[PDB]
């Protein structure tokens, strides 16, 4: 009836972009538009992560799939809508769709990534323990605004 851990995707620089936050009631659905990181980029890889760390790869990887044949365009121009849908049984459907071409791909993931209650608890604690360390990143970000 609620999600035990946050769910999201890895974005540029290894950032955990949460689509559904921990403790959201189920069923639920959330979508968000993303773009490409490189000029002339023709494919995108969706890496679905579960956990609380801002450093994506320190969370648990639940799925990985690609959308290919995006027509080459300047970085930040394509609109790739990514949707996380969680159904009444906690099945997580993740789809990515390129708005320009309509090309779409999706996967499914079992309820709560198969984790036991103890494993969930561990992950929450570990994330708390490492929160301060994750904040020691030094990078600068150029915001991409697709507003017309």
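Residue numbers count along the first chain shown, from 1.
Higher average CA B factor: 95-103, of the stretches 95-103 and 44-52.
For the pair 20-28 and 126-134, the record assigns the higher mean C-alpha temperature factor to 126-134. The residue among 82, 86, 70, 62 whose C-alpha atom has the highest B-factor in the PDB entry is 70.
Residue 2: CA B factor lies in the middle third for its chain, per the PDB record.
Among all modelled residues in its chain, residue 66 ranks in the middle third by Cα B-factor. Residue 110 sits in the lowest third of its chain by CA B factor, as recorded in the PDB entry. Sort the chain's modelled residues by C-alpha temperature factor and residue 33 lands in the lowest third, per the entry.
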